[PDB]
Amino acid sequence: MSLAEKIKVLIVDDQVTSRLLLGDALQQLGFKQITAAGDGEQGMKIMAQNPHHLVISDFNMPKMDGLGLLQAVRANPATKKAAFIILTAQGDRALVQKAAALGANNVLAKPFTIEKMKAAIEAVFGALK
């Protein structure tokens, strides 16, 4: 169609260390494509403007955090298939299901552990039934 792969990873964080970590963790995972722009908002338009299948951001001061992205997806079905990640000192499946049920396509946390991170990604990728 427009993108044989149409599988791009969007990772934008206010802090480099944060965006670097995520990009690093996902890097070793060989995600697909690391796309970062300004912030959730900047990365949202930059991401939407193109193909994407992952939306990970930090909690620094993004104009469009995980939830923010979800809200955007609700306006754009193009990113409605993009799984966003939101790392916070909360990590509650309740919030995940809350947003994930609010309309979000997929909300996963970005743990410092490869086990959790690999699991999250493994889910964001697999997401079978």
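- Method-wise, the PDB entry is recorded as coming from solution NMR.

- By the naming in the PDB entry, the chain is CheY2, taken from Sinorhizobium meliloti.
- Under its PDB record, the entry appears with the title "NMR Structure of the Response regulator CheY2 from Sinorhizobium meliloti, complexed with Mg++".

**Describing the UniProt feature "domain: Response regulatory" (unreviewed entry) in the chain**
Line of reasoning, step 1. UniProt marks residues 8-125 with the feature "domain: Response regulatory" (unreviewed entry), using the numbering shown here.
Line of reasoning, step 2. Overall, residues 8-125 shows 43% helix and 14% strand. The separation of its end C-alpha atoms is 12 Å.

**Here's the deal with the side chain of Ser57**
Line of reasoning, step 1. Summarising the element assignment, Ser57 is placed in strand β3 (residues 54-57).
Line of reasoning, step 2. Given the relative accessible area of 2%, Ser57 is considered buried.
Line of reasoning, step 3. At 3.1 Å, the side chain of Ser57 forms a polar contact with the side chain of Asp65.
Line of reasoning, step 4. Every residue in contact with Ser57, bar those within four places of it in the chain, is listed here: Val12, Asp13, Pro62, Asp65, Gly66, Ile85, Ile86 and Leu87.

**A few points about the sheet that holds strand β2 (residues 34-35)**
Line of reasoning, step 1. Strands sit in the order β2-β1-β3-β4-β5 across an open sheet of five strands; the sheet is parallel. Edge positions in the sheet fall to β2 and β5 (107-108), since each of these pairs with one other strand and no more.
Line of reasoning, step 2. Both strand β1 (residues 9-12) and β3 contribute to a ladder of four bridges, which runs parallel. Among the inter-strand pairings, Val9 is bridged to a residue of β3, identified as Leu54.
Line of reasoning, step 3. Contacting β1, β2 and β3, helix α1 (residues 16-27) crosses the sheet at an angle of about 150° to β1.
Line of reasoning, step 4. Across the sheet, helix α2 (residues 40-48) lies against β1, β2 and β3, angled at about 160° from β1, the strand it touches most.

**Concerning the pairing of β3**
Line of reasoning, step 1. Residues of β3 alternate between two faces, with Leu54 and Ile56 on one and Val55 and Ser57 on the opposite face, all of them buried.
Line of reasoning, step 2. Here β3 pairs with strand β4 (residues 83-86) via four bridges, running parallel. Its bridge partner being in β4, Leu54 is matched across the sheet by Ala83.
Line of reasoning, step 3. The β-α-β motif built from β3, the intervening helix α3 (residues 66-73) and the parallel element β4 has right-handed crossover chirality.

How each quantity is defined
Residues numbered from 1 in each chain as written, not as in the entry; some residues may be left out. Heavy atoms only, no water. UniProt positions renumbered as here; feature names shortened; annotations may be inferred. Helix = DSSP H or I, 4+ residues; strand = E, 2+ residues; numbered from the N terminus. Buried < 20%, exposed > 50% of the residue type's maximum accessible area, 1.4 Å probe, protein only. Polar contact = N/O pair within 3.5 Å; in protein donor to acceptor, adjacent residues only side chain to side chain. Contact = heavy atoms within 4.5 Å. Pairing = 2+ DSSP bridges. Axes fitted to C-alpha atoms, helices over the stretch in contact; angles between N-to-C directions. Right-handed = clockwise from strand over helix to strand, strands pointing away.

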